[PDB]
Each structure stands twice: as C-alpha cells, then as structure tokens.
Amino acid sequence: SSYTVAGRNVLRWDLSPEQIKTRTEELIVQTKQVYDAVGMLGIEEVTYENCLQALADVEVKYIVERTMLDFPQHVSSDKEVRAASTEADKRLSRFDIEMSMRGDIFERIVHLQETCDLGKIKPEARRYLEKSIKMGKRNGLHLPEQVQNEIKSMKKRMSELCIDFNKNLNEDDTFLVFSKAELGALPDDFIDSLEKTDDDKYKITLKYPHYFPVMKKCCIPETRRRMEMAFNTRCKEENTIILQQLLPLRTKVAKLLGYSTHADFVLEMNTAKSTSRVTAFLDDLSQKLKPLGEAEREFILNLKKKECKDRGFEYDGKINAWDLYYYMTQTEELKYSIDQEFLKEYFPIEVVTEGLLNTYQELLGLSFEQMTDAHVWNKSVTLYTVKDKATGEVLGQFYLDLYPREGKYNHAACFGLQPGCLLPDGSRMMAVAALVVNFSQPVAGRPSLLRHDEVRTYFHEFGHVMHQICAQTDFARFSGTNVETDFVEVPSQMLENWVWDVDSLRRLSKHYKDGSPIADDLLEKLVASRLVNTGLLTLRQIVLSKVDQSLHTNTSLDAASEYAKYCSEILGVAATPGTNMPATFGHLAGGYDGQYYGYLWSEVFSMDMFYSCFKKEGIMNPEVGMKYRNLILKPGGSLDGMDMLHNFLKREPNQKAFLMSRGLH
C-alpha cells in the first residue's frame, strides 16, 4: 500500500557467496525469457502491452534484484561476499550489454513508436520511447552487423576494466608506520586511537579519518610528504594498465558511433550539450579565480617560510603537494579564527543527525522516524522511514552507514537501492536509498564529533537521499537520481547552503558536555569562512575537470603527465614526481567519465535557486520548499534538467547568483 511500509522493502542483506552466485544466474534466465518473448513475436504483433509494458515491467524487477547482488561489494564485512558481489557485478554488466545490443528489440520499439497514437499514452511513456531509441542509436544498432559486434566487444571489456578499477581502490590496505616524534602537533585523542606496533610506533591508514588529520595538523614535513606519496600512488601499477586500455577503447567506440571524441559522446546527453561550452566554462572560471590563486599562493608561501624559520626546518622555496592542506588550515585559523578541532565539540554525531532530519521535516514537509531492530548489512547501520507530513503517504526509506571499516567504500556517496516507479500491478514501489560516508569515530570517551566539513558532506549526501525518495515516476529508468550526470549534483549541493546559515547552524549545534550553543560572534566567524581558500580549492577542482576533458578528447597521452601539466598551469602547486593521481581517480570509472565538470556546472544552478528563491523568501519557508520538492525532486528523470529549472525559477538560469557567491564579477 502507498500508506503502509510492511512488505515494501524487499531487500535482503543476509545473502551468502553461494546464494549471490545462484541468484545471478537465476536473474539472468528469468530476464532473458522476457527479452526473448518480446524479441520473438512478429513486428506486426507489437503493442503497448506486450512490448513497452513487458520491458518496463522487467526493468523494475531486474534493477531491484540486481541491487542485492552488486551493492554488498561496497558495505559488507566479509571479503568473500565482497568478492562474490564484484564477480556478480561483472557478470550482470555484460548481460546488460547483450540485452541492449539486441537488433530485434530495437526493430520493434522503433516500429511501435510509428504505429501508435502518441497523444494517447502518458507523456512519460513517449519519453520512454524516444529515449530508448536514442539509447539504441548510441549503441550502434543502426550500423552494419560486424560494427555492432566490435562495439559490443569493446563495451564488455570497458565494463570489466571499470569494475576492477574501483575494486582495487576499495580493497586497498596500504598503511604507514610513524613514531610519536614523527606525529608532531597531532592531538592525543588521534594518536591514542591508533594501532601500536612492536617498535612502540603507530600505524596510519589511508582512509579519510586518518589521511586528512595528518595532512592538516602534522607539523613534520617528512611525515606529510610520505603520507601524500602513499595516498596518490594507491594502485599506481595496476590501475595505470587499466587506464592505458580504458581510454583508447572509449575513443575507438566513440568514433565508430560517429562522434569525434568520447567527451563529445557523453556530452550530448548532458545539459551542457557540447564540449566547446565546457572548456569555455572552465577556462573563463579559472580566469576569474586566477587573481585569487596568486594571492592565496603568496600567503601560504610566506606562512611556510616563517614556520621553517621558527622550527628550524629547511626551506625549499616551493609549495609542494604535501604542504597544501597543512597551510590552508592555518589560513583558516589565522584569517578567520576557526579551530576545526574545537568546532567539532559542538557537532556530535547525534545532534547533527537530529537537527538535519528536523530541518527537512519542516522544509520539505516530511515525517522521519527510525526503525528498531532493522534488517541491515552491518550493526552500524540504522534505517529510517520517510512519510509525507500531510497525506501520510510512505514515500520511502533510507539507511545510514556513517562510519568507516575494512572493505567499506572509501569515499562518500549515496546509493539508490529501490526506485520509486510503478509496479506491474499498478501500485507504486517504495523507494530505498543508502547514505554511505566515512565520518570520524568516537574516541577518548567522547561522542563522534564532526568537523564543519564533515557536516557539509552530511548535508550534501542527504540531498541525493531526498532526491531519491521524493522522486515518483512511472518507469524505473526515469526514477531516482536518473537525470543528467552533470545535473544530478544540483539537489545535493543545493542543501550545502543550510550549513552556512547562522540560524540553521544554531539548531545543528550543541556542545557535547554542557549543551551550551556556539557563541554568537563565533557563528559569524564560521559563516564568514565560506570563502576561505576558495581560490586554490576551486582551482584544484578545475584541474580535475580539465584532466577529465583532456583524457577523453586527446589520444595518446600519459595520464600522469597530463595531470601534472594542468597542476602547474592552473593550480600553481606542482604534482609530486611519481604520484599518479589519475590512477586513484575513482570518478573516471564510476559514471563520471568525461562529465566531471558537472560539479562546478551544477553549482551555478543550485546557487541560482538558493539566492533567488530560498534566501529571498526565507530558507526555511515551506511554500518555497514544496515548490523545490515537486518541481526538482519529484519529476526525477521524467523531465529534462533545464525544464525543471525553468519551472522552478520561472526564467532562464545564469551565473549572477553563482559569481557573487564566490566573490567574482
């Protein structure tokens, strides 16, 4: 039922490695029979019920059953389950290609669109037709025979290379051993939480709760250099081989389909349309950030010469790759009076979560409640039930995996587990999401305290959770976050602005020992810090965007030398010789290939929707929040990205609100 919750979450997390392999073969057969039934009937026998409805009913069933088989490889504690899920992901991905390269299924969908009154079906039904044909031509189904077999062969290999790429980063275990003297300036709550070796030294892992506190606080230059070295060389050998094959395969398949480069192939399905507009967006943006880059690079260098003068270290006169995070922290302390290790005392994990949910149990008109003794994949996971406040409709559920562990996803992303589309019986399926992050853990008898950037990530990933739950469509391929990948970061980055409001932070803040809020003048200092180090922070994001474009537009280039090229040309900090950053760039194998510009591209839209609608009429106003939930989150992929922006802004977006929020023209 649309108002109950019992029986709507069909996901089981107690699968064994044998059960995972068994279900993979069963899901392939039971889906092969559906595609064979549609592909076997005559072309003159196709209808909306036996062709379009038959495929639509199997896509929703497949993607839900697929979730239980390709998600344990990201959150499980058993490496055999993580191995069985990774092998099941490689098998189901090749099955997706064999079912998409069908000439029989393609010949009937194109004939169905012609011999059918399009004005009689719902507008999303005909969009399902034109997008299926568009997705078929992007597979070369209108090309001659042996050309399709060569495309299908290279797509299968690209599938296995991308899965092995992230599998290497997920299963990495390289650590470093440091002594107490080599971990200078690090607080004692961080050092007393490390595994101690036989030589009375400490062990440091490369996860975020360990790498960042070392690169921001440790005053020993040799410690920060060896940490940055091991972090930017993870899987340097095995992934460079994968990159030397994945990139040429994308070029050969993009030109077989008629496109110039692989960047041009993926850009026409995004809001930016063309690659010439992306390079113009990145070059003109780094043009305005260039004066800010020179000013911030000069202050950091002067900040380094004085510390080397005081501590007695040798001064090389350059800003190395390991000196960046260390002195950007000092710029935040000196120019804005912000102590990250003291600010986290007012942000315990439960107070942030309680305030984060209450912020959206009022803005979006939702009703959150936690489930007790929920069926989860790990004891650290909690389940919540999302309900509409007025109608009581059970919209969906979401999990919370907030702590790092062995074999867990190293970064911080959101996973859409169940879509919010229609079932074959006509009922609406309850949507399920999952927030996976690696926040700090409770140490020294204190609750899990979060830095302000950890709260910014908490609000960011929760945007994808809300975009997943509130999305209600009819087809599975248009539900959830299935929008333009350069537009999917609009709902997430839109909610980061609530971490920069003084009244919103006052609700998210409570000291972990006496419950006293943050000082009034200190809230002003924290809000005023939203543009500290904005030059170098954004320039480094432009470098990643240019490398993402360069590796997919120009052929025959070393990814390591191309990343180092754009470093000294844009950011100003030289890449350490030997460190292969693209070998660790997980976005190049996680659907963000050739589309990494979408982060800065989506920020122009979120800033325009926040300053022109939310901030103008109160950021907590539910009338504006209801427009945002119905025109941005609810349509999902059933509408175009620019269509949802024109319906919400009632005009055309621009960089007006985006530029003045960064301190530019």
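Just count from 1 along the sequence shown to find any residue number.
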Mean Cα B-factor check, 314-322 vs 533-541, entry values; winner is 314-322
When mean C-alpha B-factors in the record are compared for 193-201 and 257-265, the larger belongs to 193-201
From the entry's CA B-factor values, the highest among 576, 492, 331, 139 is 576
In this crystal structure's PDB entry, the residue among 496, 401, 514, 484 with the greatest CA B factor is 514
Sorting the chain's modelled residues by C-alpha B-factor and splitting them into thirds places residue 19 in the highest
Temperature factor at the Cα of residue 46, chain-ranked in thirds, falls in the highest
Chain thirds by Cα B factor, record data; residue 627 belongs to the middle
Chain-relative C-alpha B factor for residue 612 (record values, thirds): the highest
Residue 11: CA B-factor among chain residues, third -> lowest
